[PDB]
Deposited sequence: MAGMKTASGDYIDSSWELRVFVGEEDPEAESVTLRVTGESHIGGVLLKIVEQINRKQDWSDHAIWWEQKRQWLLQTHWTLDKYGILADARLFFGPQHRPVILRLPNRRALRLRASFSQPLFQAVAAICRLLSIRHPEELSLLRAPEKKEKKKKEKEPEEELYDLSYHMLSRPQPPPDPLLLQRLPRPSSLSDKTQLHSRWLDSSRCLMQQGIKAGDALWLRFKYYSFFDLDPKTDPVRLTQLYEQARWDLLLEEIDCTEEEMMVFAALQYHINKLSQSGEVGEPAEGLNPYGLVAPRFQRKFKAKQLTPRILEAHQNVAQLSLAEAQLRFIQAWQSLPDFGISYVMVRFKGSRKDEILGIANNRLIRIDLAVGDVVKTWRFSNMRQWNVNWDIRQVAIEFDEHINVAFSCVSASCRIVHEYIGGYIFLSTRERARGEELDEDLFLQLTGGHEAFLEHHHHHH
């Protein structure tokens, strides 16, 4: 019988603490009852658990022993609630304060968030961490498009201006097989909810109003902030559709600069832009709001660079960094000196894919005994591995989510 210390502080975790006598064969469920025993508050403890800082793990095996886990006198154990608030930023740029489990694997936390938001098929979405006011939950906030922004916001926000600039986003995806607590997220932190895989199952205008609106907002903001490229002409029909969607949204000034990317703002004066947008609007004036949102997504899905997440890598043997493009059906190799795609590998040709952890390298085996290998530069090997396996798992959906197949394919 020896002493084991467990911190129990809320605001400051190590302020308050409790000490108890433990037996080695003492069980987690017993340790937890000994803990609650020496805390004066009466309250619901059903959500509290113990976090083992050294091993970066929640002690969820209620009936395992301290010896089964490997816990000794030197173990910063932290007693606290599993559900904590996070600031969730949506594709439409609005934020909600939500309670999320910090112990569930991330993909279950995403499904819980999406259920509350009425967004179907949560496997297509995931969470981004914060790069290194807010609203309340309502149907109209989630389902109705937001007004066009101040064009000054678009000009002053940072925007990609190179292929390598566009890899920055995908370094921030969280690991969907691990919990928030294991990935350095704390209560109150901001997390971004984003569509991650450009493979949208059964996206129909009627059933999915919040899903439709948020995907439309993701595409819209990618175009306004130059995350993806389009021509002048394409920008005019994108602007006409946004103007159409906004006008329908107000009936239950135009400012053309609120509807086009800054590179077009810096080139045309408002007086030249408005006629071009209104002309392009003649082609879509007959559309319902949902139809217009779907037309916007369809045109976005038609862009040359659509559906590709860019990651800087270094292929085995190569002597310079190159861009890996992850699409929903293929991998793309882009040579920065050439400036163009120099190779593609089909997902339909892919046999196995693994991360060789000694070297921190992705290895992939293809048909006809083609082997590809690379180290990751702008994102982690976990992120690339999960992205590829995630796409394979989504192509499975033509036949309820086989969670076991997902974790297998994504390395969890």
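Missing from the model relative to the deposited sequence are positions 1-14, 147-159, 280-286, 434-437, 451-462 (no C-alpha coordinates, numbering from 1).
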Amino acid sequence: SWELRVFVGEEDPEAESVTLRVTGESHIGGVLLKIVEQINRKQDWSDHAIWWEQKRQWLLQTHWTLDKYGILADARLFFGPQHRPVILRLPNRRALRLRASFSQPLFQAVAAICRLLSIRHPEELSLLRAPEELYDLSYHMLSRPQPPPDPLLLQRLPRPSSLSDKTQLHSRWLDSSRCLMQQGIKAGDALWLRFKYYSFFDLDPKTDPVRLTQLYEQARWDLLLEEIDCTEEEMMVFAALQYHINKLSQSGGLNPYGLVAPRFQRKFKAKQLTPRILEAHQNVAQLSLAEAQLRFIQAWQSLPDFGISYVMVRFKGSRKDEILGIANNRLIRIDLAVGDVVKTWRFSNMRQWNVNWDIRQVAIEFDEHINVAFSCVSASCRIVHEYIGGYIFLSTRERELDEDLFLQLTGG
From here on, numbers count along this sequence of modelled residues.
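Look at the mean CA B-factor for 231-239 and for 155-163 in the entry; the higher one is 155-163.
Higher mean CA temperature factor, per the PDB entry, when comparing 69-77 with 209-217: 69-77. In this structure the maximum Cα B-factor among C381, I370, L59, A363 is found at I370. Per the PDB record, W357 has a higher Cα B-factor than any other of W64, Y387, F374, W357. In the deposited entry, the Cα temperature factor of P85 sits in the middle third of values across the chain's modelled residues. When the modelled residues of the chain are ordered by C-alpha B-factor, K343 sits in the lowest third. In the deposited entry, the Cα temperature factor of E132 sits in the top third of values across the chain's modelled residues.
Annotation for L278: C-alpha temperature factor in the middle third relative to the rest of the modelled chain, per the entry. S138: CA B factor in the highest third of modelled residues in this chain (values from the PDB entry).
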